[PDB]
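Undergrad: Sending over a structure as C-alpha cells; questions will come in a sec.
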Amino acid sequence: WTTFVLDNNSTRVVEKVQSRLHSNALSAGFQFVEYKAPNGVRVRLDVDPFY
Amino acid sequence: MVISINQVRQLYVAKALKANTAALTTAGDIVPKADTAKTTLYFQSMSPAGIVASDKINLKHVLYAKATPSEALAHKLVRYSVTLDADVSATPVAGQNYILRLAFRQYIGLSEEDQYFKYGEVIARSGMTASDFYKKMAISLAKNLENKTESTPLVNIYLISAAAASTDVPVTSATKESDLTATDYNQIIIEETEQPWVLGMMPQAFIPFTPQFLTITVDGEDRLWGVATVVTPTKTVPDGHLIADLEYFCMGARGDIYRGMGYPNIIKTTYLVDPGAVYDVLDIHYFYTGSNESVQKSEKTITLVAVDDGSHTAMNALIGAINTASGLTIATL
Amino acid sequence: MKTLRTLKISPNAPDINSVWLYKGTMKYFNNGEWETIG
C-alpha cells in the first residue's frame with residue numbers, strides 16, 4: 001500500500017515504557033490478526049493447541 | 001428420468017425382426033403388421049412374458065415419424081484449452097501466483113445458484129518455462145480435484161505436447177513431476193466428467209464449468225494471465241444410459257407404475273435394453289378421432305429402439321419393413 | 001507532477017507509485033512501462 005503511510009501514532013508498533021535506564025524508553029512489536037476484505041468479508045483467528 | 005408426454009408415450013425394443021408372428025420366439029422380436037389396404041398399423045412384440053401388440057395406428061392420422069441415430073444422443077464432453085495469453089506474457093512472470101479458479105455451476109442442486117469453486121495455485125520462478133508452468137498447474141488442479149477418493153474428479157485434466165498435439169496426457173493426484181517428462185507442453189485441457197447414472201433414480205446429468213482466471217501484475221496493471229478457449233470435444237457419453245431410463249419410464253404406461261415402492265411386495269419388470277449399448281430410435285406420433293361430437297384428438301407416441309452397429313443396419317431394416325407394410329416413406333438415417 | 005516518495009528493493013516489480021531497485025538497475029513507471037535508467 002504505497003498510497004498510505006502507517007502512522008505509529010495509530011498503530012503504536014513502538015510505544016513508551018517506564019524504566020530506569022532512560023526516560024525515553026521504548027518497546028517495539030506488533031502482530032496482524034484480522035483482514036477485512038471487501039463486501040463484509042471478515043476473517044478472525046482462533047489458535048488451537050490441538051493444531 | 002421423467003420425460004414429458006403428449007397424453008402418452010410408449011416404447012418397444014427391437015432386438016430382431018422376424019416378419020411373422022409365428023417367428024416370434026425370443027424376447028425383443030418384433031414384426032410390423034399392416035393390412036393390404038394400409039388402413040392400420042401395429043407392432044407385435046415378443047415380451048419376456050409372451051407376446052403383446054402395440055396400439056393400432058390410423059395411418060391417415062400420422063403426424064411425424066423420424067428415425068434418429070445414436071450419435072444425435074451422445075452428449076459431447078465440453079473441453080477447454082487453458083494457455084498463457086501472449087498479449088500479457090508468453091512466459092510465466094516470476095514472483096506472481098498464477099491462481100486458476102474452476103467455477104462449477106450446476107453443483108449438487110439443480111440451479112445455477114448452487115455454485116462450487118475449486119482452485120489451483122502456482123507461484124512462478126526464474127527460468128520457469130511455459131511447459132513447466134502448465135505441468136505444475138495441472139498437478140495442483142488434479143491434487144485438488146481428484147483428491148476426493150469417493151467417485152470421480154469433477155473434471156478430467158490433460159496436457160498436450162507440441163510433438164503430438166492430438167495425444168492427451170492424463171494428470172491425476174497420483175501423477176508425479178517425474179512422470180511428466182516432455183518439455184514442449186502448450187496447454188492445459190479441462191474436460192468434464194460423466195457423473196454416475198442409476199436406472200430410475202440417478203439420471204444422466206452433468207456439471208458445467210468455466211475456468212475463471214485471477215489477476216496478476218504485469219508491467220503496471222492487474223491482468224488475467226490466461227485464456228480459456230473451448231476446443232472441439234473428443235469424447236461422447238453414449239446413448240445406452242439414456243434409452244434405458246426411457247424404457248424404465250415408458251414401461252409404466254404398459255406395466256406397473258409401482259416399481260419398488262413396497263419393495264418385496266412388488267412386481268419384477270424385465271427391461272430389455274442393455275444400458276451399456278448404443279441404440280438408435282424411431283418415434284411415431286399419431287392420434288385418435290371419434291365418430292360424432294367426439295372430434296377431439298388423443299395424440300400418442302410409439303417409440304422403437306434398435307442397437308446401432310457402426311452402420312445403422314438394425315433400424316434401416318425395421319424402417320424398410322414398416323414402409324413396405326404401412327405405405328409410409330420414413331427416411332433411413 | 002507524478003511525485004514518487006518511495007523506493008523498493010525486490011526482484012519483482014512493486015506498485016507503480018514507487019521506484020524499483022534490483023541489483024544494479026532502478027525503474028520507474030513511465031509510459032505504461034518500467035523504464036530503466038542508464
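Within each chain, counting starts at residue 1; across the C-alpha cells, chains are named A, B, ... in the order shown, with ligands numbered 1 upward in that order.
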From a DSSP calculation on the backbone, collect every residue of region 212-299 of chain B in strand (DSSP E) and output the set as a PyMOL selection string.

TA: chain B and resi 212-213+215-218+221-224+226-229+236-237+279-289+297-299

Undergrad: Could you write those residues out with N, CA, C and O atoms, as a compact mmCIF listing (two decimals), in the first residue's frame?

TA:
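Below you can see again12.txt, which holds the result:
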```txt
# COMPACT_ATOMS: atom_id res chain seq x y z
N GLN B 212 -12.37 -19.65 -14.48
CA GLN B 212 -12.18 -18.24 -14.20
C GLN B 212 -10.75 -18.00 -13.74
O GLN B 212 -10.29 -18.63 -12.77
N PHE B 213 -10.04 -17.12 -14.42
CA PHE B 213 -8.69 -16.77 -14.02
C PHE B 213 -8.70 -15.69 -12.96
O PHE B 213 -9.71 -15.04 -12.69
N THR B 215 -6.14 -12.38 -11.31
CA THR B 215 -5.32 -11.35 -11.94
C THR B 215 -3.91 -11.31 -11.37
O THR B 215 -3.71 -11.45 -10.16
N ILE B 216 -2.94 -11.10 -12.25
CA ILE B 216 -1.55 -10.91 -11.86
C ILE B 216 -1.13 -9.50 -12.26
O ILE B 216 -1.86 -8.77 -12.93
N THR B 217 0.08 -9.12 -11.86
CA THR B 217 0.63 -7.81 -12.15
C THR B 217 1.71 -7.94 -13.22
O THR B 217 2.81 -8.43 -12.94
N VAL B 218 1.39 -7.48 -14.42
CA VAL B 218 2.35 -7.25 -15.49
C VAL B 218 2.50 -5.74 -15.59
O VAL B 218 1.88 -5.01 -14.81
N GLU B 221 -0.24 -3.23 -14.46
CA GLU B 221 -1.67 -3.41 -14.25
C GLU B 221 -2.03 -4.84 -13.89
O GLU B 221 -1.42 -5.79 -14.39
N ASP B 222 -3.05 -4.98 -13.04
CA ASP B 222 -3.67 -6.27 -12.82
C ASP B 222 -4.16 -6.83 -14.15
O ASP B 222 -4.69 -6.10 -15.00
N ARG B 223 -4.01 -8.14 -14.34
CA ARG B 223 -4.27 -8.72 -15.64
C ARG B 223 -4.54 -10.21 -15.50
O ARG B 223 -3.91 -10.89 -14.68
N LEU B 224 -5.47 -10.70 -16.31
CA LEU B 224 -5.76 -12.12 -16.37
C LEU B 224 -4.65 -12.82 -17.14
O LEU B 224 -4.38 -12.49 -18.30
N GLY B 226 -4.26 -15.77 -18.39
CA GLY B 226 -4.52 -16.80 -19.37
C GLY B 226 -5.88 -16.66 -20.00
O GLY B 226 -6.70 -15.83 -19.59
N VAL B 227 -6.12 -17.48 -21.01
CA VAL B 227 -7.38 -17.52 -21.74
C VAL B 227 -7.87 -18.96 -21.79
O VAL B 227 -7.10 -19.88 -22.05
N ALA B 228 -9.16 -19.14 -21.53
CA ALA B 228 -9.81 -20.44 -21.55
C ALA B 228 -10.69 -20.50 -22.80
O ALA B 228 -11.83 -20.03 -22.79
N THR B 229 -10.16 -21.09 -23.87
CA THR B 229 -10.86 -21.20 -25.14
C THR B 229 -11.30 -22.63 -25.35
O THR B 229 -10.52 -23.57 -25.16
N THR B 236 -17.75 -38.66 -26.13
CA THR B 236 -19.20 -38.53 -26.05
C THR B 236 -19.77 -39.63 -25.18
O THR B 236 -19.56 -40.82 -25.46
N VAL B 237 -20.48 -39.24 -24.13
CA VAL B 237 -21.22 -40.22 -23.33
C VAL B 237 -22.20 -40.95 -24.24
O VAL B 237 -23.06 -40.31 -24.87
N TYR B 279 -28.09 -47.31 -28.97
CA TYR B 279 -29.39 -47.60 -29.55
C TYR B 279 -29.84 -46.43 -30.41
O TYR B 279 -29.87 -45.28 -29.95
N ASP B 280 -30.20 -46.72 -31.66
CA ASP B 280 -30.96 -45.77 -32.45
C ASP B 280 -32.40 -45.74 -31.94
O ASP B 280 -32.81 -46.55 -31.10
N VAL B 281 -33.19 -44.79 -32.45
CA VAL B 281 -34.56 -44.60 -32.00
C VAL B 281 -35.45 -44.27 -33.19
O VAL B 281 -34.98 -43.83 -34.24
N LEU B 282 -36.75 -44.50 -33.01
CA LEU B 282 -37.74 -44.26 -34.06
C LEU B 282 -39.06 -43.92 -33.38
O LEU B 282 -39.77 -44.82 -32.91
N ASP B 283 -39.37 -42.63 -33.33
CA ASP B 283 -40.61 -42.16 -32.74
C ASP B 283 -41.66 -41.96 -33.82
O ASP B 283 -41.37 -41.44 -34.90
N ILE B 284 -42.89 -42.38 -33.52
CA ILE B 284 -44.04 -42.17 -34.39
C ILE B 284 -45.11 -41.48 -33.56
O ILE B 284 -45.41 -41.92 -32.45
N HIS B 285 -45.69 -40.42 -34.11
CA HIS B 285 -46.74 -39.67 -33.44
C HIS B 285 -48.02 -39.77 -34.24
O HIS B 285 -48.01 -39.61 -35.47
N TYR B 286 -49.12 -40.04 -33.55
CA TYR B 286 -50.41 -40.23 -34.19
C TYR B 286 -51.49 -39.94 -33.16
O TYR B 286 -51.21 -39.77 -31.98
N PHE B 287 -52.74 -39.87 -33.64
CA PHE B 287 -53.86 -39.55 -32.77
C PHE B 287 -55.05 -40.43 -33.10
O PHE B 287 -55.04 -41.19 -34.07
N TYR B 288 -56.08 -40.32 -32.27
CA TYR B 288 -57.36 -40.99 -32.49
C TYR B 288 -58.47 -39.96 -32.46
O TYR B 288 -58.51 -39.12 -31.55
N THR B 289 -59.37 -40.02 -33.43
CA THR B 289 -60.50 -39.12 -33.52
C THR B 289 -61.79 -39.93 -33.55
O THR B 289 -61.85 -41.00 -34.16
N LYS B 297 -59.05 -34.99 -30.28
CA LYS B 297 -57.97 -35.87 -30.68
C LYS B 297 -57.22 -36.34 -29.45
O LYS B 297 -57.14 -35.63 -28.44
N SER B 298 -56.71 -37.56 -29.53
CA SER B 298 -55.88 -38.15 -28.49
C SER B 298 -54.57 -38.55 -29.15
O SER B 298 -54.51 -39.58 -29.83
N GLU B 299 -53.54 -37.75 -28.94
CA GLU B 299 -52.25 -37.95 -29.58
C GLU B 299 -51.43 -38.89 -28.72
O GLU B 299 -51.58 -38.93 -27.50
```

Undergrad: Sorted by chain and rising residue number, list the residues of chain A at most 8 Å from chain C (counting only C-alpha atoms), each with its closest atom pair and distance in Å to one decimal, as CSV.

TA:
```
residue,atom,partner,partner_atom,distance
A:1,CA,C:15,CA,7.9
A:2,CA,C:17,CA,6.3
A:3,CA,C:17,CA,7.4
```

Undergrad: May I ask you to extract the residues of chain B within 7 Å of chain C, using only C-alpha atoms, and to give them as JSON, numbers by chain?

TA: {"B": [95, 219, 220]}

Undergrad: Those residues you just picked out, can you put them in a file as a PDB file, in the first residue's frame with N, CA and C atoms?

TA:
```pdb
ATOM      1  N   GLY B  95       7.522 -14.501  -9.404  1.00  0.00           N
ATOM      2  CA  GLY B  95       7.005 -13.800  -8.255  1.00  0.00           C
ATOM      3  C   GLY B  95       5.498 -13.691  -8.198  1.00  0.00           C
ATOM      4  N   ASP B 219       3.266  -5.269 -16.569  1.00  0.00           N
ATOM      5  CA  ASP B 219       4.185  -4.143 -16.397  1.00  0.00           C
ATOM      6  C   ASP B 219       3.647  -3.235 -15.288  1.00  0.00           C
ATOM      7  N   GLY B 220       2.421  -2.723 -15.380  1.00  0.00           N
ATOM      8  CA  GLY B 220       1.871  -1.988 -14.261  1.00  0.00           C
ATOM      9  C   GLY B 220       0.426  -2.232 -13.882  1.00  0.00           C
TER      10      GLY B 220
END
```

Undergrad: Set the distance at 8 Å and use only C-alpha atoms: which residues neighbour residue 36 (chain C) once local chain neighbours fewer than 3 positions away are removed? I'd like the list as a compact mmCIF listing (two decimals) with C-alpha atoms, in the first residue's frame.

TA:
```
# COMPACT_ATOMS: atom_id res chain seq x y z
CA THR C 25 19.03 -1.24 -12.02
CA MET C 26 16.32 1.19 -10.93
CA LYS C 27 12.99 1.54 -12.70
CA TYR C 28 10.01 3.89 -12.52
```

Undergrad: Would you kindly return, as an MDAnalysis selection string, each protein, DNA or RNA residue with an atom no farther than 12 Å from any atom of residue 44 (chain B), considering only C-alpha atoms and excluding same-chain residues fewer than 3 positions away?

TA: chainID B and resid 12:14 16:25 27:34 41 47 50:56 304

Undergrad: With N, CA and C atoms kept, could you save the residues just selected as a short mmCIF file (atom, residue, chain, number, x, y, z; two decimals), in the first residue's frame?

TA:
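Below is the file part.cif, written as the result:
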```cif
data_model
loop_
_atom_site.label_atom_id
_atom_site.label_comp_id
_atom_site.auth_asym_id
_atom_site.auth_seq_id
_atom_site.Cartn_x
_atom_site.Cartn_y
_atom_site.Cartn_z
N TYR B 12 -41.05 -49.88 -27.47
CA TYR B 12 -40.97 -51.30 -27.78
C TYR B 12 -39.59 -51.58 -28.35
N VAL B 13 -38.83 -52.43 -27.66
CA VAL B 13 -37.47 -52.75 -28.08
C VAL B 13 -37.52 -53.75 -29.23
N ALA B 14 -36.57 -53.61 -30.15
CA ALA B 14 -36.50 -54.43 -31.36
C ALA B 14 -35.09 -55.01 -31.47
N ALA B 16 -34.63 -58.09 -32.81
CA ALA B 16 -34.65 -58.88 -34.04
C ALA B 16 -35.94 -58.61 -34.79
N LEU B 17 -35.89 -58.80 -36.10
CA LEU B 17 -37.02 -58.60 -36.99
C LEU B 17 -37.32 -59.93 -37.67
N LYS B 18 -38.55 -60.42 -37.51
CA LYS B 18 -38.87 -61.81 -37.81
C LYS B 18 -39.85 -62.01 -38.96
N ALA B 19 -40.65 -61.01 -39.31
CA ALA B 19 -41.56 -60.97 -40.46
C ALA B 19 -42.84 -61.77 -40.25
N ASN B 20 -42.99 -62.48 -39.13
CA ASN B 20 -44.20 -63.24 -38.87
C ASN B 20 -44.42 -63.34 -37.37
N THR B 21 -45.68 -63.29 -36.95
CA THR B 21 -46.00 -63.54 -35.55
C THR B 21 -45.73 -64.98 -35.15
N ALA B 22 -45.63 -65.89 -36.12
CA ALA B 22 -45.22 -67.26 -35.84
C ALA B 22 -43.72 -67.37 -35.62
N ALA B 23 -42.94 -66.42 -36.13
CA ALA B 23 -41.50 -66.41 -35.99
C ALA B 23 -41.03 -65.66 -34.76
N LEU B 24 -41.95 -65.23 -33.90
CA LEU B 24 -41.60 -64.53 -32.66
C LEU B 24 -41.41 -65.58 -31.58
N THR B 25 -40.15 -65.89 -31.26
CA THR B 25 -39.82 -66.88 -30.24
C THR B 25 -39.13 -66.25 -29.04
N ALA B 27 -37.41 -62.96 -26.78
CA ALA B 27 -37.83 -61.61 -26.43
C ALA B 27 -37.17 -60.59 -27.35
N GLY B 28 -37.80 -59.42 -27.44
CA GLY B 28 -37.36 -58.37 -28.33
C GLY B 28 -37.69 -58.58 -29.79
N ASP B 29 -38.12 -59.77 -30.19
CA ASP B 29 -38.53 -59.98 -31.57
C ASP B 29 -39.74 -59.12 -31.88
N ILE B 30 -39.74 -58.52 -33.07
CA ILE B 30 -40.77 -57.58 -33.46
C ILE B 30 -41.07 -57.75 -34.94
N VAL B 31 -42.31 -57.45 -35.31
CA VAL B 31 -42.75 -57.54 -36.70
C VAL B 31 -43.79 -56.45 -36.94
N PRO B 32 -43.63 -55.60 -37.96
CA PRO B 32 -44.66 -54.59 -38.25
C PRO B 32 -45.80 -55.22 -39.05
N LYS B 33 -47.00 -55.16 -38.48
CA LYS B 33 -48.18 -55.76 -39.08
C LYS B 33 -49.07 -54.66 -39.64
N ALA B 34 -49.38 -54.74 -40.92
CA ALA B 34 -50.28 -53.79 -41.57
C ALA B 34 -51.08 -54.52 -42.63
N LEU B 41 -51.85 -49.83 -38.67
CA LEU B 41 -50.52 -50.38 -38.45
C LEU B 41 -50.34 -50.64 -36.96
N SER B 47 -42.78 -60.11 -25.75
CA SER B 47 -42.43 -59.78 -24.38
C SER B 47 -41.75 -60.97 -23.72
N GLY B 50 -44.31 -63.30 -22.91
CA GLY B 50 -45.14 -63.75 -24.01
C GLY B 50 -45.13 -62.83 -25.22
N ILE B 51 -46.31 -62.37 -25.62
CA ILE B 51 -46.48 -61.53 -26.80
C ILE B 51 -47.43 -60.40 -26.45
N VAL B 52 -47.16 -59.22 -26.99
CA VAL B 52 -48.04 -58.07 -26.88
C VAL B 52 -48.05 -57.35 -28.22
N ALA B 53 -49.11 -56.58 -28.44
CA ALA B 53 -49.30 -55.84 -29.68
C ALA B 53 -49.47 -54.36 -29.37
N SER B 54 -48.75 -53.53 -30.11
CA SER B 54 -48.87 -52.09 -29.94
C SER B 54 -50.27 -51.63 -30.32
N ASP B 55 -50.65 -50.47 -29.79
CA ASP B 55 -51.91 -49.84 -30.19
C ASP B 55 -51.93 -49.68 -31.70
N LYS B 56 -53.12 -49.57 -32.28
CA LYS B 56 -53.27 -49.58 -33.72
C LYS B 56 -53.25 -48.15 -34.24
N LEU B 304 -39.51 -46.92 -30.93
CA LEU B 304 -38.84 -48.17 -31.25
C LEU B 304 -37.34 -47.92 -31.28
#
```

Undergrad: Find the residues near residue 46 (chain A): any atom within 12 Å, counting only C-alpha atoms, skip ones fewer than 4 places away on the same chain, and give them as an MDAnalysis selection string.

TA: chainID A and resid 33:34 50:51

Undergrad: What does the distance between CA of residue 140 (chain B) and CA of residue 122 (chain B) come to in Å, to one decimal place?

TA: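 Distance reported for this atom pair: 7.5 Å.
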
Undergrad: Report as number ranges by chain all protein, DNA and RNA residues lying within 12 Å of residue 12 (chain A), evaluated on only C-alpha atoms, omitting residues in the same chain fewer than 2 positions from it.

TA: A: 6-10, 14-16, 26-31

Undergrad: Would you save the residues from that selection as a tab-separated table (two decimals), in the first residue's frame, using N, CA and C atoms?

TA:
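Written out: part-v1.tsv:
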```tsv
chain	number	residue	atom	x	y	z
A	6	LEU	N	1.71	4.11	7.41
A	6	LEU	CA	1.18	3.55	8.65
A	6	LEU	C	1.77	4.34	9.81
A	7	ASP	N	0.99	5.26	10.35
A	7	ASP	CA	1.46	6.13	11.42
A	7	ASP	C	1.64	5.33	12.70
A	8	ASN	N	2.78	5.54	13.36
A	8	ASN	CA	2.99	4.93	14.66
A	8	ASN	C	2.07	5.54	15.72
A	9	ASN	N	1.57	6.76	15.48
A	9	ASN	CA	0.55	7.32	16.36
A	9	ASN	C	-0.65	6.39	16.47
A	10	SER	N	-1.03	5.76	15.36
A	10	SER	CA	-2.23	4.94	15.28
A	10	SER	C	-1.94	3.46	15.50
A	14	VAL	N	5.72	0.95	18.12
A	14	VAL	CA	6.72	1.37	19.09
A	14	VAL	C	6.03	2.30	20.07
A	15	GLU	N	6.07	1.94	21.35
A	15	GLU	CA	5.34	2.64	22.39
A	15	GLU	C	6.26	2.90	23.57
A	16	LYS	N	5.77	3.68	24.52
A	16	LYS	CA	6.57	4.18	25.63
A	16	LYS	C	6.57	3.20	26.79
A	26	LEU	N	11.68	2.86	25.07
A	26	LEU	CA	10.71	2.41	24.09
A	26	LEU	C	10.45	0.91	24.21
A	27	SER	N	9.57	0.42	23.34
A	27	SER	CA	9.25	-1.00	23.24
A	27	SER	C	8.56	-1.24	21.91
A	28	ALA	N	9.08	-2.19	21.14
A	28	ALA	CA	8.59	-2.48	19.80
A	28	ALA	C	7.78	-3.76	19.79
A	29	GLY	N	7.14	-4.03	18.65
A	29	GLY	CA	6.37	-5.24	18.47
A	29	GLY	C	4.95	-5.02	18.02
A	30	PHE	N	4.48	-5.88	17.11
A	30	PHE	CA	3.11	-5.82	16.61
A	30	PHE	C	2.78	-7.17	15.99
A	31	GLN	N	1.49	-7.42	15.81
A	31	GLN	CA	1.04	-8.63	15.15
A	31	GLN	C	-0.25	-8.36	14.39
```

Undergrad: Can you pull out the residues contacting residue 173 (chain B)? Cut-off 10 Å, using only C-alpha atoms, and skip same-chain residues under 6 positions away; I want them as JSON, numbers by chain.

TA: {"B": [138, 139, 140, 141, 142, 143, 144, 145, 146, 147, 148, 149, 153]}

Undergrad: How far is it from CA of residue 266 (chain B) to CA of residue 253 (chain B), in Å with one decimal?

TA: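 Spanning CA of residue 266 (chain B) to CA of residue 253 (chain B) is a straight-line distance of 16.3 Å.
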
Undergrad: So how many Å separate CA of residue 43 (chain B) and CA of residue 74 (chain B), to one decimal?

TA: 27.5 Å
